[PDB]
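**Student:** To be precise about what I am sending: the file is called data.cif and holds mmCIF, N, CA, C and O atoms.
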data_final
#
loop_
_atom_site.label_atom_id
_atom_site.label_comp_id
_atom_site.auth_asym_id
_atom_site.auth_seq_id
_atom_site.Cartn_x
_atom_site.Cartn_y
_atom_site.Cartn_z
N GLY R 1 -192.92 250.22 -14.94
CA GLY R 1 -193.82 250.26 -16.13
C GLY R 1 -193.83 251.65 -16.74
O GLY R 1 -193.14 252.54 -16.24
N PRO R 2 -194.59 251.85 -17.82
CA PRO R 2 -194.63 253.15 -18.51
C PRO R 2 -195.10 254.34 -17.67
O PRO R 2 -194.74 255.45 -18.01
N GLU R 3 -195.90 254.14 -16.62
CA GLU R 3 -196.46 255.25 -15.86
C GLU R 3 -195.82 255.41 -14.49
O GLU R 3 -196.24 256.24 -13.70
N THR R 4 -194.80 254.61 -14.19
CA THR R 4 -194.17 254.64 -12.87
C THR R 4 -193.55 255.99 -12.61
O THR R 4 -193.71 256.55 -11.52
N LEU R 5 -192.84 256.53 -13.60
CA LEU R 5 -192.26 257.84 -13.43
C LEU R 5 -193.37 258.89 -13.30
O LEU R 5 -193.18 259.87 -12.61
N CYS R 6 -194.51 258.69 -13.95
CA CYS R 6 -195.63 259.63 -13.78
C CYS R 6 -196.21 259.64 -12.37
O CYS R 6 -196.55 260.72 -11.85
N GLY R 7 -196.33 258.48 -11.72
CA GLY R 7 -196.78 258.40 -10.35
C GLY R 7 -195.83 259.16 -9.41
O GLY R 7 -196.28 259.90 -8.53
N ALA R 8 -194.52 258.98 -9.62
CA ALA R 8 -193.51 259.66 -8.84
C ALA R 8 -193.58 261.15 -9.07
O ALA R 8 -193.46 261.93 -8.11
N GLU R 9 -193.76 261.58 -10.32
CA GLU R 9 -193.85 262.98 -10.67
C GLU R 9 -195.02 263.63 -9.93
O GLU R 9 -194.87 264.73 -9.42
N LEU R 10 -196.18 262.98 -9.89
CA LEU R 10 -197.36 263.55 -9.25
C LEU R 10 -197.10 263.79 -7.77
O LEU R 10 -197.35 264.86 -7.27
N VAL R 11 -196.57 262.79 -7.07
CA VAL R 11 -196.35 262.93 -5.63
C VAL R 11 -195.22 263.94 -5.36
O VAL R 11 -195.31 264.75 -4.44
N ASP R 12 -194.18 263.94 -6.17
CA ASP R 12 -193.10 264.92 -6.00
C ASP R 12 -193.65 266.34 -6.25
O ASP R 12 -193.27 267.29 -5.54
N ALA R 13 -194.54 266.50 -7.23
CA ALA R 13 -195.11 267.80 -7.52
C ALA R 13 -196.04 268.28 -6.39
O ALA R 13 -196.00 269.44 -5.99
N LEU R 14 -196.85 267.39 -5.86
CA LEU R 14 -197.68 267.75 -4.71
C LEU R 14 -196.83 268.26 -3.55
O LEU R 14 -197.14 269.28 -2.93
N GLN R 15 -195.76 267.53 -3.26
CA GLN R 15 -194.88 267.92 -2.16
C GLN R 15 -194.21 269.26 -2.44
O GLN R 15 -194.10 270.13 -1.56
N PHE R 16 -193.76 269.45 -3.66
CA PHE R 16 -193.09 270.71 -4.05
C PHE R 16 -194.03 271.91 -3.95
O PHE R 16 -193.70 272.96 -3.38
N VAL R 17 -195.21 271.79 -4.53
CA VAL R 17 -196.18 272.87 -4.61
C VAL R 17 -196.69 273.20 -3.19
O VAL R 17 -196.81 274.37 -2.80
N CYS R 18 -197.01 272.17 -2.41
CA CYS R 18 -197.68 272.40 -1.11
C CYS R 18 -196.67 272.65 0.02
O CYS R 18 -197.03 273.28 1.03
N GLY R 19 -195.44 272.19 -0.13
CA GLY R 19 -194.38 272.44 0.86
C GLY R 19 -194.77 272.01 2.25
O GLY R 19 -195.19 270.88 2.48
N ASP R 20 -194.63 272.94 3.20
CA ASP R 20 -194.85 272.61 4.62
C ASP R 20 -196.31 272.54 4.99
O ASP R 20 -196.67 272.15 6.11
N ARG R 21 -197.20 272.89 4.06
CA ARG R 21 -198.62 272.82 4.29
C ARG R 21 -199.17 271.41 4.37
O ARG R 21 -200.16 271.19 5.08
N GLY R 22 -198.54 270.45 3.66
CA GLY R 22 -199.13 269.15 3.47
C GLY R 22 -200.19 269.21 2.39
O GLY R 22 -200.55 270.30 1.92
N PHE R 23 -200.69 268.05 1.99
CA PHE R 23 -201.71 267.97 0.94
C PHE R 23 -202.69 266.83 1.16
O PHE R 23 -202.38 265.84 1.85
N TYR R 24 -203.85 266.96 0.57
CA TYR R 24 -204.88 265.93 0.55
C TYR R 24 -204.50 264.91 -0.49
O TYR R 24 -204.10 265.26 -1.60
N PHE R 25 -204.67 263.64 -0.16
CA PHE R 25 -204.35 262.53 -1.07
C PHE R 25 -205.40 261.45 -0.98
O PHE R 25 -206.00 261.22 0.07
N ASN R 26 -205.58 260.74 -2.08
CA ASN R 26 -206.53 259.63 -2.17
C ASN R 26 -206.02 258.73 -3.27
O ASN R 26 -205.82 259.21 -4.40
N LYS R 27 -205.71 257.47 -2.98
CA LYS R 27 -205.05 256.60 -3.95
C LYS R 27 -205.80 256.45 -5.26
O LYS R 27 -205.20 256.70 -6.31
N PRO R 28 -207.07 256.07 -5.26
CA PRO R 28 -207.78 255.93 -6.54
C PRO R 28 -207.80 257.23 -7.33
O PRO R 28 -207.65 257.20 -8.56
N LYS R 29 -207.94 258.37 -6.67
CA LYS R 29 -207.99 259.64 -7.39
C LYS R 29 -206.62 260.00 -7.97
O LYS R 29 -206.53 260.56 -9.07
N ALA R 30 -205.54 259.70 -7.26
CA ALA R 30 -204.20 259.89 -7.76
C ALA R 30 -203.96 259.00 -8.97
O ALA R 30 -203.38 259.43 -9.97
N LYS R 31 -204.43 257.75 -8.93
CA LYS R 31 -204.30 256.87 -10.10
C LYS R 31 -205.06 257.45 -11.29
O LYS R 31 -204.59 257.40 -12.45
N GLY R 32 -206.22 258.06 -11.03
CA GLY R 32 -206.99 258.70 -12.08
C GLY R 32 -206.26 259.85 -12.72
O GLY R 32 -206.31 260.04 -13.94
N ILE R 33 -205.58 260.67 -11.92
CA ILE R 33 -204.79 261.79 -12.42
C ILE R 33 -203.63 261.27 -13.26
O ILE R 33 -203.36 261.81 -14.34
N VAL R 34 -202.93 260.24 -12.80
CA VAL R 34 -201.83 259.66 -13.56
C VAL R 34 -202.36 259.14 -14.89
O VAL R 34 -201.74 259.40 -15.93
N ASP R 35 -203.50 258.47 -14.89
CA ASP R 35 -204.05 257.93 -16.14
C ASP R 35 -204.37 259.04 -17.10
O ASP R 35 -204.11 258.92 -18.32
N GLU R 36 -204.89 260.13 -16.58
CA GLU R 36 -205.31 261.27 -17.38
C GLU R 36 -204.10 262.04 -17.92
O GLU R 36 -204.10 262.47 -19.09
N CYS R 37 -203.06 262.18 -17.12
CA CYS R 37 -202.01 263.17 -17.33
C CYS R 37 -200.64 262.60 -17.72
O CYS R 37 -199.73 263.38 -17.91
N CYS R 38 -200.48 261.30 -17.84
CA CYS R 38 -199.14 260.77 -18.06
C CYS R 38 -198.67 260.99 -19.49
O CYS R 38 -197.58 261.52 -19.74
N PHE R 39 -199.48 260.58 -20.45
CA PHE R 39 -199.07 260.79 -21.84
C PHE R 39 -199.30 262.25 -22.25
O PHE R 39 -198.39 262.91 -22.74
N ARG R 40 -200.51 262.75 -22.07
CA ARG R 40 -200.85 264.11 -22.42
C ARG R 40 -200.75 265.02 -21.22
O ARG R 40 -201.47 264.84 -20.23
N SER R 41 -199.92 266.04 -21.36
CA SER R 41 -199.55 266.94 -20.30
C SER R 41 -200.70 267.60 -19.52
O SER R 41 -201.69 268.05 -20.12
N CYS R 42 -200.54 267.68 -18.20
CA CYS R 42 -201.41 268.50 -17.37
C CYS R 42 -200.56 269.55 -16.67
O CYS R 42 -199.34 269.42 -16.57
N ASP R 43 -201.21 270.60 -16.16
CA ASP R 43 -200.55 271.71 -15.48
C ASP R 43 -200.36 271.40 -14.04
O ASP R 43 -201.30 271.36 -13.26
N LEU R 44 -199.12 271.19 -13.67
CA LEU R 44 -198.89 270.87 -12.27
C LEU R 44 -199.15 272.08 -11.31
O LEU R 44 -199.32 271.88 -10.10
N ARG R 45 -199.29 273.32 -11.81
CA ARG R 45 -199.69 274.45 -10.94
C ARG R 45 -201.12 274.27 -10.36
O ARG R 45 -201.51 274.87 -9.34
N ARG R 46 -201.91 273.47 -11.05
CA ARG R 46 -203.25 273.16 -10.58
C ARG R 46 -203.29 272.30 -9.31
O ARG R 46 -204.31 272.26 -8.63
N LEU R 47 -202.17 271.66 -8.97
CA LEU R 47 -202.11 270.85 -7.76
C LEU R 47 -202.24 271.69 -6.49
O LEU R 47 -202.49 271.13 -5.43
N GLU R 48 -202.12 273.01 -6.59
CA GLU R 48 -202.42 273.91 -5.48
C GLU R 48 -203.78 273.64 -4.84
O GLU R 48 -203.97 273.85 -3.62
N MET R 49 -204.73 273.12 -5.61
CA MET R 49 -206.07 272.82 -5.07
C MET R 49 -206.05 271.77 -3.96
O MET R 49 -207.00 271.71 -3.18
N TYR R 50 -204.99 270.97 -3.89
CA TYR R 50 -204.90 269.88 -2.90
C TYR R 50 -204.14 270.28 -1.66
O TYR R 50 -204.14 269.54 -0.68
N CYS R 51 -203.54 271.46 -1.62
CA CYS R 51 -202.74 271.86 -0.46
C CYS R 51 -203.66 272.13 0.74
O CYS R 51 -204.78 272.60 0.58
N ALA R 52 -203.21 271.70 1.92
CA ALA R 52 -203.96 271.99 3.14
C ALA R 52 -203.91 273.46 3.50
O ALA R 52 -202.97 274.15 3.11
#
Re-express the file's structure as structure tokens.
**Tutor:**
Amino acid sequence: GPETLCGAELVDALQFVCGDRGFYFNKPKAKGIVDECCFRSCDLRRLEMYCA
């Protein structure tokens, strides 16, 4: 669907930013971020807040 690549982008970005630290995840909240950020750009540097 239209947001499938956005879901993949979010999880790939979390993994990239957090690296070997791991990250906090929550399915409904991740869906909320995708809804918010798929069409209109968000700053993936902000994903640092989720790193362990």
**Student:** Distance atom C of residue R:36-atom O of residue R:52, one decimal place?
**Tutor:**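 Result for atom C of residue R:36 versus atom O of residue R:52: 24.3 Å, one decimal.
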**Student:** Report, in Å to a single decimal, how far apart atom CA of residue R:39 and atom C of residue R:23 are.
**Tutor:**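 These two atoms are separated by 24.1 Å.
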**Student:** Kindly provide, as a ChimeraX atom specification, the polymer residues lying within 8 Å of (-201.6, 271.4, -7.0), counting only C-alpha atoms and using the coordinates exactly as they appear in the file.
**Tutor:** /R:13-14,17-18,44-51
**Student:** Pick out the residues sitting within 12 Å of residue R:4, and hand them over as a PyMOL selection string; count only C-alpha atoms, and ignore anything fewer than 6 positions along from it in its own chain.
**Tutor:** chain R and resi 10-11+31+34-35+38-39
**Student:** Could you tell me how far atom O of residue R:3 lies from atom C of residue R:37, in Å and to one decimal?
**Tutor:** 8.7 Å
**Student:** Among chain R, which ones does DSSP place in alpha helix (DSSP H), written as a PyMOL selection string?
**Tutor:** chain R and resi 4-18+27-37
